[PDB]
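Written out below as C-alpha cells is the structure these notes cover.
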Amino acid sequence: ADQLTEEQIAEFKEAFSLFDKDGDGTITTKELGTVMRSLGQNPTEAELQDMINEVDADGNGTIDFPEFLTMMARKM
Ligand SMILES: [Ca+2]
Ligand SMILES: [Ca+2]
C-alpha cells in the first residue's frame with residue numbers, strides 16, 4: 001500500500017470517475033466545485049480555481065488522476 005490499501009486507492013479511482021463525469025480526461029475548475037461538493041463540502045468560486053492550482057503540477061489549469069493522487073497524499 002503506497003497511499004493506502006487497494007480499497008482506498010480503488011475508491012480514489014471511483015472518486016475520479018465521479019469527478020470527470022464527462023470522461024474527458026480532465027477535471028475542470030467548475031467540476032472541482034462538483035468534486036469538493038460531492039465529498040460533502042461547499043467551495044467558493046475561488047476555491048475552484050485555487051484548489052486546482054494549488055494541486056496542479058503542470059500549471060495547465062486542469063487536474064488528472066495522477067495529480068489527484070498526489071493531492072490525495074496531501075489529504076492527511
Ligand atoms: Ca471534465
Ligand atoms: Ca494538470
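Ligands are numbered from 1 in the order shown, chains are lettered A, B, ... in the order of the C-alpha cells, and residues start at 1 in each chain.
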Go through the chains and note each residue within 7 Å of ligand 2, using only C-alpha atoms and all ligand atoms, then give the set as number ranges by chain.
A: 56-64, 67
Output N, CA and C atoms for every residue in the selection just made, as a CSV table (one decimal), in the first residue's frame.
chain,number,residue,atom,x,y,z
A,56,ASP,N,-2.1,21.7,-8.9
A,56,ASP,CA,-1.8,21.5,-10.3
A,56,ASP,C,-0.3,21.4,-10.6
A,57,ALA,N,0.1,20.2,-11.0
A,57,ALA,CA,1.6,20.0,-11.1
A,57,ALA,C,2.2,20.5,-12.4
A,58,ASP,N,1.3,20.6,-13.4
A,58,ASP,CA,1.8,21.0,-14.7
A,58,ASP,C,1.6,22.5,-15.0
A,59,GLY,N,0.7,23.1,-14.1
A,59,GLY,CA,0.5,24.5,-14.3
A,59,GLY,C,-0.5,24.8,-15.5
A,60,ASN,N,-1.1,23.7,-16.0
A,60,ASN,CA,-2.0,23.8,-17.1
A,60,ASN,C,-3.4,24.4,-16.8
A,61,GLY,N,-3.9,24.2,-15.6
A,61,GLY,CA,-5.2,24.6,-15.2
A,61,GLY,C,-6.3,23.6,-15.2
A,62,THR,N,-5.9,22.3,-15.0
A,62,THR,CA,-6.8,21.2,-15.0
A,62,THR,C,-6.2,20.1,-14.1
A,63,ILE,N,-7.1,19.2,-13.7
A,63,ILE,CA,-6.5,18.1,-12.8
A,63,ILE,C,-6.8,16.7,-13.4
A,64,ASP,N,-5.8,15.9,-13.3
A,64,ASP,CA,-6.0,14.5,-13.8
A,64,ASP,C,-5.9,13.5,-12.6
A,67,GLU,N,-2.4,13.6,-10.7
A,67,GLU,CA,-2.4,14.8,-9.9
A,67,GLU,C,-3.3,14.7,-8.8
Give one line per residue of chain A that approaches ligand 1 to at most 7 Å, naming the two atoms of the closest pair and their distance in Å to one decimal, counting only C-alpha atoms and all ligand atoms; sort by chain then ascending residue number and deliver it as JSON lines.
{"residue": "A:20", "atom": "CA", "partner": "ligand 1", "partner_atom_place_in_ligand_line": "1 (Ca)", "distance": 4.8}
{"residue": "A:21", "atom": "CA", "partner": "ligand 1", "partner_atom_place_in_ligand_line": "1 (Ca)", "distance": 6.6}
{"residue": "A:22", "atom": "CA", "partner": "ligand 1", "partner_atom_place_in_ligand_line": "1 (Ca)", "distance": 5.6}
{"residue": "A:23", "atom": "CA", "partner": "ligand 1", "partner_atom_place_in_ligand_line": "1 (Ca)", "distance": 6.5}
{"residue": "A:24", "atom": "CA", "partner": "ligand 1", "partner_atom_place_in_ligand_line": "1 (Ca)", "distance": 5.3}
{"residue": "A:25", "atom": "CA", "partner": "ligand 1", "partner_atom_place_in_ligand_line": "1 (Ca)", "distance": 6.6}
{"residue": "A:26", "atom": "CA", "partner": "ligand 1", "partner_atom_place_in_ligand_line": "1 (Ca)", "distance": 4.7}
{"residue": "A:27", "atom": "CA", "partner": "ligand 1", "partner_atom_place_in_ligand_line": "1 (Ca)", "distance": 4.4}
{"residue": "A:28", "atom": "CA", "partner": "ligand 1", "partner_atom_place_in_ligand_line": "1 (Ca)", "distance": 5.1}
{"residue": "A:31", "atom": "CA", "partner": "ligand 1", "partner_atom_place_in_ligand_line": "1 (Ca)", "distance": 6.3}
Would you pick out the contacts of residue 73 (chain A) at 10 Å or less, using only C-alpha atoms, so that residues sharing its chain but fewer than 3 positions from it are not included, and give the list as a PyMOL selection string?
chain A and resi 2-4+67-70+76
DSSP-assigned alpha helix (DSSP H) among chain A, expressed as number ranges by chain:
A: 6-19, 29-38, 45-54, 65-74
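CA of residue 38 (chain A) is positioned 8.5 Å from CA of residue 19 (chain A).
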Taking 5 positions as the minimum chain separation for residues in the same chain, which residues sit within 9 Å of residue 32 (chain A) when counting only C-alpha atoms? Answer as an mmCIF file with N, CA, C and O atoms, in the first residue's frame.
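Result went into around.cif, see below:
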data_model
loop_
_atom_site.group_PDB
_atom_site.id
_atom_site.type_symbol
_atom_site.label_atom_id
_atom_site.label_comp_id
_atom_site.auth_asym_id
_atom_site.auth_seq_id
_atom_site.Cartn_x
_atom_site.Cartn_y
_atom_site.Cartn_z
ATOM 1 N N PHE A 19 -15.687 12.658 -10.523
ATOM 2 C CA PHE A 19 -15.231 13.993 -10.854
ATOM 3 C C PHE A 19 -15.393 14.302 -12.314
ATOM 4 O O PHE A 19 -16.155 15.216 -12.634
ATOM 5 N N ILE A 27 -10.249 17.095 -15.195
ATOM 6 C CA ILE A 27 -11.114 17.724 -14.195
ATOM 7 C C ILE A 27 -11.043 19.230 -14.314
ATOM 8 O O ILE A 27 -10.009 19.867 -14.133
ATOM 9 N N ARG A 37 -17.644 19.566 -3.562
ATOM 10 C CA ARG A 37 -19.036 19.489 -3.118
ATOM 11 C C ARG A 37 -19.589 18.082 -2.965
ATOM 12 O O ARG A 37 -20.475 17.836 -2.160
ATOM 13 N N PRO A 43 -17.450 24.706 -1.621
ATOM 14 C CA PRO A 43 -16.377 25.571 -2.083
ATOM 15 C C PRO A 43 -16.904 26.878 -2.670
ATOM 16 O O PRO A 43 -18.012 26.958 -3.217
ATOM 17 N N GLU A 47 -12.353 28.916 -4.413
ATOM 18 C CA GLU A 47 -11.844 27.573 -4.131
ATOM 19 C C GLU A 47 -11.757 26.670 -5.344
ATOM 20 O O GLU A 47 -10.986 25.741 -5.397
ATOM 21 N N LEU A 48 -12.572 26.937 -6.361
ATOM 22 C CA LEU A 48 -12.428 26.046 -7.526
ATOM 23 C C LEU A 48 -11.138 26.265 -8.300
ATOM 24 O O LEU A 48 -10.443 25.345 -8.703
ATOM 25 N N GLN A 49 -10.897 27.569 -8.492
ATOM 26 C CA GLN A 49 -9.682 27.999 -9.171
ATOM 27 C C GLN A 49 -8.397 27.685 -8.425
ATOM 28 O O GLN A 49 -7.394 27.266 -8.997
ATOM 29 N N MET A 51 -8.185 25.596 -5.529
ATOM 30 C CA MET A 51 -7.959 24.172 -5.227
ATOM 31 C C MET A 51 -7.263 23.418 -6.338
ATOM 32 O O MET A 51 -6.428 22.566 -6.097
ATOM 33 N N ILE A 52 -7.666 23.755 -7.577
ATOM 34 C CA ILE A 52 -6.952 23.166 -8.714
ATOM 35 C C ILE A 52 -5.500 23.613 -8.736
ATOM 36 O O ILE A 52 -4.577 22.829 -8.605
ATOM 37 N N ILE A 63 -7.052 19.165 -13.684
ATOM 38 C CA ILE A 63 -6.496 18.119 -12.812
ATOM 39 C C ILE A 63 -6.768 16.735 -13.368
ATOM 40 O O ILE A 63 -7.897 16.436 -13.774
#
Rounded to one decimal place, report the CA of residue 18 (chain A)-CA of residue 35 (chain A) distance in Å.
7.4 Å
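Picture a line from CA of residue 7 (chain A) to CA of residue 54 (chain A); it runs 26.1 Å.
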